[PDB]
Structure formats: C-alpha cells, structure tokens
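Trainee: My structure is in entry.txt, and what it holds is compact mmCIF, C-alpha atoms and all ligand atoms:
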# COMPACT_ATOMS: atom_id res chain seq x y z
CA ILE A 1 87.85 99.44 82.53
CA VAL A 2 86.26 96.91 80.15
CA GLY A 3 87.32 96.94 76.53
CA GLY A 4 90.09 99.50 77.00
CA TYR A 5 93.83 99.55 76.42
CA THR A 6 96.95 99.70 78.56
CA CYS A 7 97.59 103.43 78.95
CA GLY A 8 101.35 103.25 79.36
CA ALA A 9 103.23 104.13 82.52
CA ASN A 10 102.62 107.67 83.79
CA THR A 11 100.81 108.77 80.63
CA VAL A 12 97.80 109.89 82.75
CA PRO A 13 99.76 111.96 85.27
CA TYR A 14 96.73 113.30 87.17
CA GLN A 15 95.36 109.80 87.87
CA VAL A 16 95.69 108.77 91.51
CA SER A 17 94.93 105.53 93.34
CA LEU A 18 93.24 105.78 96.74
CA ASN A 19 94.68 103.13 99.07
CA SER A 20 93.44 101.94 102.47
CA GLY A 21 95.64 98.85 102.57
CA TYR A 22 94.60 98.13 98.98
CA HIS A 23 93.42 100.16 96.00
CA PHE A 24 89.72 100.96 96.32
CA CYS A 25 89.02 103.97 94.06
CA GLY A 26 90.56 106.38 91.63
CA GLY A 27 90.85 110.14 91.85
CA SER A 28 92.21 113.14 89.96
CA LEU A 29 94.92 115.53 91.17
CA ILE A 30 93.67 119.09 90.69
CA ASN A 31 96.52 120.95 92.43
CA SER A 32 99.55 119.99 94.49
CA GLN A 33 97.48 119.30 97.59
CA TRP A 34 93.97 118.34 96.46
CA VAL A 35 92.33 115.36 94.79
CA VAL A 36 88.79 115.08 93.33
CA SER A 37 87.05 111.72 93.68
CA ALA A 38 83.54 110.26 94.07
CA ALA A 39 81.64 110.74 97.33
CA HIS A 40 80.78 107.04 97.29
CA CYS A 41 84.53 106.40 97.69
CA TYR A 42 84.54 108.09 101.12
CA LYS A 43 86.19 106.24 104.00
CA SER A 44 88.69 107.05 106.71
CA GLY A 45 92.38 106.19 106.52
CA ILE A 46 93.07 107.17 102.91
CA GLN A 47 96.56 107.24 101.45
CA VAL A 48 96.78 108.95 98.07
CA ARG A 49 99.13 107.22 95.64
CA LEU A 50 100.43 109.42 92.82
CA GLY A 51 102.74 108.49 89.97
CA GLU A 52 101.38 104.95 89.78
CA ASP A 53 101.36 102.51 86.92
CA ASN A 54 101.52 98.98 88.38
CA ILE A 55 99.78 99.45 91.75
CA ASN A 56 101.34 96.23 93.11
CA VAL A 57 105.00 97.09 92.35
CA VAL A 58 107.13 100.08 93.38
CA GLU A 59 108.45 101.22 89.99
CA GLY A 60 110.14 104.48 91.00
CA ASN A 61 107.82 107.42 90.19
CA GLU A 62 105.33 107.03 93.04
CA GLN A 63 104.50 109.50 95.78
CA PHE A 64 102.53 108.11 98.72
CA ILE A 65 100.86 110.86 100.78
CA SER A 66 98.24 110.40 103.49
CA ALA A 67 95.07 112.47 103.44
CA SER A 68 94.65 115.12 106.12
CA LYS A 69 90.93 115.65 105.47
CA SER A 70 88.09 114.62 103.18
CA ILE A 71 85.09 116.77 102.24
CA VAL A 72 82.04 115.00 100.78
CA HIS A 73 79.70 117.28 98.86
CA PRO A 74 77.05 118.68 101.26
CA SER A 75 74.21 117.48 99.04
CA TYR A 76 75.52 113.99 98.23
CA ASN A 77 72.72 111.41 98.36
CA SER A 78 74.10 107.87 98.60
CA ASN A 79 70.80 106.29 97.46
CA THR A 80 70.49 108.24 94.20
CA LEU A 81 74.22 109.06 93.81
CA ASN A 82 73.25 112.67 93.12
CA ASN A 83 76.25 114.94 93.76
CA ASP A 84 78.72 112.01 93.77
CA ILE A 85 81.83 114.14 94.39
CA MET A 86 84.31 114.63 97.21
CA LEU A 87 87.58 116.45 97.80
CA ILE A 88 90.60 114.92 99.54
CA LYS A 89 93.43 117.06 100.89
CA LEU A 90 96.99 115.74 101.07
CA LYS A 91 98.96 116.16 104.31
CA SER A 92 101.87 117.49 102.25
CA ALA A 93 102.02 118.88 98.73
CA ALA A 94 102.90 116.52 95.92
CA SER A 95 106.01 117.26 93.92
CA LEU A 96 104.75 118.06 90.45
CA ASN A 97 106.63 116.82 87.39
CA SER A 98 105.85 115.34 83.95
CA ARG A 99 104.62 112.11 85.54
CA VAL A 100 102.69 113.66 88.46
CA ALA A 101 100.64 116.63 87.31
CA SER A 102 97.35 118.33 88.00
CA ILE A 103 94.39 118.38 85.61
CA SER A 104 92.56 121.65 84.98
CA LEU A 105 88.97 122.15 86.00
CA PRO A 106 86.60 122.97 83.16
CA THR A 107 85.72 126.45 82.00
CA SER A 108 82.43 125.22 80.50
CA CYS A 109 80.52 121.96 80.40
CA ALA A 110 81.43 119.53 77.60
CA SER A 111 78.87 118.56 74.95
CA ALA A 112 77.49 115.24 73.83
CA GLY A 113 79.73 113.84 71.14
CA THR A 114 82.92 115.16 72.73
CA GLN A 115 85.60 112.49 73.03
CA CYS A 116 87.02 111.87 76.46
CA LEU A 117 89.63 109.69 78.17
CA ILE A 118 88.45 107.50 81.07
CA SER A 119 91.03 105.62 83.13
CA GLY A 120 91.41 103.33 86.11
CA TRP A 121 92.48 100.10 87.76
CA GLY A 122 89.00 98.58 87.91
CA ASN A 123 87.66 95.26 86.71
CA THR A 124 88.31 94.48 83.05
CA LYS A 125 85.51 91.87 82.73
CA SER A 126 81.78 92.33 82.14
CA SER A 127 81.19 88.77 83.39
CA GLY A 128 83.33 87.70 86.30
CA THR A 129 86.31 89.53 87.69
CA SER A 130 89.87 90.34 86.69
CA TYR A 131 91.92 93.29 88.00
CA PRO A 132 94.72 94.50 85.70
CA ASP A 133 97.25 96.12 88.10
CA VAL A 134 98.57 98.53 85.37
CA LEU A 135 96.44 101.54 84.47
CA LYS A 136 93.81 101.00 81.77
CA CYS A 137 92.39 103.64 79.45
CA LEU A 138 89.27 104.06 77.33
CA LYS A 139 88.42 106.69 74.74
CA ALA A 140 84.67 107.28 74.79
CA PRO A 141 82.21 109.98 73.73
CA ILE A 142 79.75 111.79 75.94
CA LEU A 143 76.22 110.66 75.11
CA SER A 144 73.22 112.93 74.72
CA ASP A 145 71.14 113.65 77.81
CA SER A 146 68.15 112.18 75.96
CA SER A 147 69.85 108.83 75.32
CA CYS A 148 71.24 108.77 78.86
CA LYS A 149 67.75 109.27 80.33
CA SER A 150 66.28 106.72 77.93
CA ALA A 151 68.88 104.18 79.09
CA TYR A 152 68.23 104.86 82.79
CA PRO A 153 64.67 106.12 83.22
CA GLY A 154 64.12 107.93 86.48
CA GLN A 155 67.79 107.93 87.52
CA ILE A 156 69.72 110.64 85.62
CA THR A 157 69.93 113.98 87.39
CA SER A 158 71.28 117.31 86.11
CA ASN A 159 74.54 116.41 87.90
CA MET A 160 75.20 113.29 85.79
CA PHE A 161 76.08 112.45 82.23
CA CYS A 162 76.52 109.22 80.32
CA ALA A 163 79.57 108.34 78.26
CA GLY A 164 80.49 105.24 76.34
CA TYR A 165 78.75 103.04 73.83
CA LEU A 166 75.12 101.92 73.73
CA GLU A 167 76.23 98.75 71.95
CA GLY A 168 78.20 97.80 75.08
CA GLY A 169 81.65 96.22 75.17
CA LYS A 170 83.56 99.31 76.37
CA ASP A 171 82.93 100.94 79.75
CA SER A 172 84.21 101.73 83.20
CA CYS A 173 83.58 99.18 85.96
CA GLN A 174 83.98 98.35 89.65
CA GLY A 175 87.20 99.79 91.02
CA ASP A 176 87.28 102.68 88.52
CA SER A 177 84.99 104.77 90.75
CA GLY A 178 86.25 108.23 91.55
CA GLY A 179 88.62 108.38 88.60
CA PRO A 180 88.80 110.88 85.78
CA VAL A 181 86.90 111.59 82.60
CA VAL A 182 89.08 114.12 80.74
CA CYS A 183 87.92 115.86 77.59
CA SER A 184 90.00 118.43 75.69
CA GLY A 185 92.45 118.60 78.58
CA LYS A 186 89.85 119.35 81.28
CA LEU A 187 88.32 117.22 84.03
CA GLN A 188 84.68 116.90 82.96
CA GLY A 189 83.61 113.74 84.78
CA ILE A 190 84.13 111.46 87.75
CA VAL A 191 83.51 107.72 87.38
CA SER A 192 80.27 107.21 89.33
CA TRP A 193 77.99 104.27 88.48
CA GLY A 194 76.30 102.04 85.92
CA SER A 195 74.17 98.90 85.71
CA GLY A 196 76.73 96.13 85.27
CA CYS A 197 79.72 96.97 83.06
CA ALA A 198 79.82 97.23 79.27
CA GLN A 199 76.25 95.96 78.89
CA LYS A 200 74.11 96.94 75.92
CA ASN A 201 72.03 100.09 76.52
CA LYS A 202 73.64 100.61 79.97
CA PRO A 203 76.48 103.08 79.47
CA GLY A 204 78.58 104.46 82.27
CA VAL A 205 77.30 107.37 84.33
CA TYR A 206 79.61 110.14 85.47
CA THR A 207 79.43 113.07 87.87
CA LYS A 208 79.17 116.33 85.90
CA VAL A 209 82.22 118.21 87.22
CA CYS A 210 81.41 121.53 85.52
CA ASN A 211 78.48 121.97 87.95
CA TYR A 212 80.89 121.88 90.91
CA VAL A 213 83.70 124.26 89.90
CA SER A 214 82.55 127.04 92.25
CA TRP A 215 82.16 124.62 95.16
CA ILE A 216 85.59 123.09 94.47
CA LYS A 217 87.35 126.45 94.23
CA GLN A 218 85.65 127.91 97.30
CA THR A 219 86.25 124.78 99.36
CA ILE A 220 89.95 124.68 98.46
CA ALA A 221 90.31 128.40 99.22
CA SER A 222 89.11 127.94 102.83
CA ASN A 223 90.45 124.47 103.75
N1 LIG B 1 80.22 102.25 84.47
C1 LIG B 1 80.05 101.44 85.53
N2 LIG B 1 79.35 100.36 85.56
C2 LIG B 1 79.39 99.69 86.88
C3 LIG B 1 80.28 100.61 87.65
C4 LIG B 1 80.71 100.54 88.97
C5 LIG B 1 81.53 101.54 89.48
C6 LIG B 1 81.90 102.61 88.69
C7 LIG B 1 81.46 102.69 87.37
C8 LIG B 1 80.66 101.68 86.85
CA CA B 2 103.58 101.24 91.64
As structure tokens - that is how I would like this structure written.
Mentor:
Amino acid sequence: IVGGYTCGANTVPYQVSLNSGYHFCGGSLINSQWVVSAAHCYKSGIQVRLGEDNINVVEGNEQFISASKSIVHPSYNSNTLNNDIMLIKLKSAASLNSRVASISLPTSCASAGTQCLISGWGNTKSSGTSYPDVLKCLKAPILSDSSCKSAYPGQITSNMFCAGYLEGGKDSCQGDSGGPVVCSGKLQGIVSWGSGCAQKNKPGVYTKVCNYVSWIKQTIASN
C-alpha cells in the first residue's frame, strides 16, 4: 500500500497473509474454513496466516492453518487477468473471535463514489521497494467505469473496477494482491493489478466480487 496508514493490530480481522515460506499475497476470510484471494496468487504449498499484524513476529493472536485445496475460477485468464479470483480451503476451521473474523459477501455491487478500505503488506513505495511488515490501510473511492476505461483503454472487463485517485500518490502495490477491498462492511473487491503503483492516471484495478457470489457460494457448498 502506497500512501496509506498503519491500520493498527487486528483492526482488519478478515485480512489474511498467504505464506509459502514468506508472505506472497493477501486474502479475505469469508467463513471459518474459506479464504477469497486473487487467481494470480495461485501456487501449491499455501499456509494461511490469520490474526496477523507484524508478519515477521509472533505477537500472540495468529492462527497458522495449511490449505487443503485451492480452486481457481474456471474462466481465469492469466494474460488479461479477467476473473482474477480463487478460493482457498483451510485444513481445519479457524477459531473466530474479535481479531479473526469473516467478512460478508456483498448483496449488491457497490457504486462509483463509494468509499472502501483496502489493506495489505505490499510495497509502500512507488519508486523502489520497501515492505512494511505491519498491516497498512488505505481509504479510497471506487471510480466510475468510464474513468477506469479511459485510464486503461482496452483492458477493463465487466469483472473489474478501479479504485483510488487519478492524481496518484495513494494505491495498492506489489504484495497486496489477493487482499480485500471492503465497502460498507462487505467484500466488494480483490486487489488485482495496476500499471506501477500510485502513478497519475493509473489507479488500482480490482476484481469485482459481486459478480462471483453465486460461484463462491456454490463452490463452498460442494467442496
Ligand atoms: N494497484 C496496483 N498497482 C500495481 C499492483 C500490483 C499488484 C497488485 C496491485 C497493484
Ligand atoms: Ca505475526
């Protein structure tokens, strides 16, 4: 997250870190045994880390649970990033509490202008690299489809939305992928892609979760 703020420990209780020896992506806990992330975060050997603030220090609220299975969306295209969503099942259910909690799926899609909370452990620099170790947060509005498509001609599908600031300075970045965009208490987006980080006229692009609620619910019900 570039241009954000330190969230505070366990203030984003649905935020998970995906670890394969190291943090490589975020995710969102949607019930005691399932996480939503980005399809481009897929790999084998995932351990889901819940209750994290500093990802390099055991602080006492963590739960570390290996994945039993991952399900990448059937229509994910890794060249276009269309349908950049996957589900990860935990081998055992997380213990839910104030600091480890699920986030609700949306009832309807959120509108341009709606404020959202974006979070992650990704790079905090637009030029060069610095990783923060504690969770970073950014409040950002959803941008209109028109301005998203004008920023990224030929790239924005019906399964994507932009959020952030056309002036730059505030955005998600490398290492935030797969993490949440929460608006009005519902998971509306997944950190997906952008051209650089926090650059003018290149806002972040997010998977449009409301298009996937039926797939998520049906997949969970049978897996
Ligand atoms: N918003 C983003 N710009 C670059 C990037 C990489 C990975 C995830 C999100 C972004
Ligand atoms: Ca920790």
Trainee: So, counting all atoms listed in the file, which residue among A:17, A:174, A:92, A:77 is closest to residue A:55?
Mentor: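 Among the listed residues, A:17 lies closest to residue A:55.
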Trainee: Which residues form the shell of 7 Å around ligand LIG 1 (chain B) when you count all atoms listed in the file, given as a PyMOL selection string?
Mentor: chain A and resi 171-177+191-197+203-205
Trainee: With all atoms listed in the file counted, collect every polymer residue having an atom within 8 Å of ligand CA 2 (chain B); state the result as a tab-separated table (two decimals) with C-alpha atoms, in the frame of the given file.
Mentor:
chain	number	residue	atom	x	y	z
A	51	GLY	CA	102.74	108.49	89.97
A	52	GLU	CA	101.38	104.95	89.78
A	53	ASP	CA	101.36	102.51	86.92
A	54	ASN	CA	101.52	98.98	88.38
A	55	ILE	CA	99.78	99.45	91.75
A	56	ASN	CA	101.34	96.23	93.11
A	57	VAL	CA	105.00	97.09	92.35
A	58	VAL	CA	107.13	100.08	93.38
A	59	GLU	CA	108.45	101.22	89.99
A	60	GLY	CA	110.14	104.48	91.00
A	61	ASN	CA	107.82	107.42	90.19
A	62	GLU	CA	105.33	107.03	93.04
Trainee: Can you measure atom CA of residue A:46 to atom CA of residue A:18 for me? One decimal in Å is fine.
Mentor: 6.3 Å
Trainee: In terms of the shortest atom-to-atom distance over all atoms listed in the file, which of A:20, A:102, A:80, A:126 is closest to residue A:41?
Mentor: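 Looking at the shortest contact to residue A:41, the residue is A:20.
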Trainee: Using atom CA of residue A:183 and atom CA of residue A:140 as the two end points, give the distance in Å to one decimal.
Mentor: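 Atom CA of residue A:140 lies at a distance of 9.6 Å from atom CA of residue A:183.
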Trainee: Quote the spacing between atom CA of residue A:119 and atom CA of residue A:96 in Å to one decimal place.
Mentor: 19.9 Å
Trainee: Given all atoms listed in the file as the basis, pick out the residue of A:30, A:9, A:39, A:138 nearest to residue A:76.
Mentor: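 Smallest separation from residue A:76 among the options: A:39.
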Trainee: Give as a PDB file with C-alpha atoms, keeping the file's coordinate frame every residue, naming chains and numbers as the document does, that has an atom within 6 Å of (96.8, 114.6, 104.5), counting only C-alpha atoms.
Mentor:
ATOM      1  CA  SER A  66      98.240 110.400 103.490  1.00  0.00           C
ATOM      2  CA  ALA A  67      95.070 112.470 103.440  1.00  0.00           C
ATOM      3  CA  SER A  68      94.650 115.120 106.120  1.00  0.00           C
ATOM      4  CA  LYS A  89      93.430 117.060 100.890  1.00  0.00           C
ATOM      5  CA  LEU A  90      96.990 115.740 101.070  1.00  0.00           C
ATOM      6  CA  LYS A  91      98.960 116.160 104.310  1.00  0.00           C
TER       7      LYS A  91
END
Trainee: If we count all atoms listed in the file, what is near residue A:136 at a cut-off of 7 Å, once residues fewer than 4 positions away on the same chain are taken out, given as a list in words?
Mentor: residues 1, 4, 5, 6, 7, 119, 120 and 121 of chain A
Trainee: Any chance you could export the current selection's C-alpha atoms as a PDB file, in the coordinates of the input?
Mentor:
ATOM      1  CA  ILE A   1      87.850  99.440  82.530  1.00  0.00           C
ATOM      2  CA  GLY A   4      90.090  99.500  77.000  1.00  0.00           C
ATOM      3  CA  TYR A   5      93.830  99.550  76.420  1.00  0.00           C
ATOM      4  CA  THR A   6      96.950  99.700  78.560  1.00  0.00           C
ATOM      5  CA  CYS A   7      97.590 103.430  78.950  1.00  0.00           C
ATOM      6  CA  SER A 119      91.030 105.620  83.130  1.00  0.00           C
ATOM      7  CA  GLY A 120      91.410 103.330  86.110  1.00  0.00           C
ATOM      8  CA  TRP A 121      92.480 100.100  87.760  1.00  0.00           C
TER       9      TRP A 121
END
Trainee: So that each row is one residue of stretch 19-112 of chain A with an atom at most 12 Å from stretch 143-154 of chain A, can you give its shortest atom pair and the distance in Å to one decimal, using all atoms listed in the file, rows by chain and rising number, as a tab-separated table?
Mentor:
residue	atom	partner	partner_atom	distance
A:80	CA	A:154	CA	10.0
A:110	CA	A:143	CA	10.6
A:111	CA	A:144	CA	8.0
A:112	CA	A:143	CA	4.9
Trainee: List as a VMD selection string the protein and nucleic acid residues near residue A:40, meaning an atom at most 9 Å away when only C-alpha atoms are counted, but skip any in the same chain fewer than 4 places from it.
Mentor: chain A and resid 72 76 78 81 84 to 86 177 to 178 192
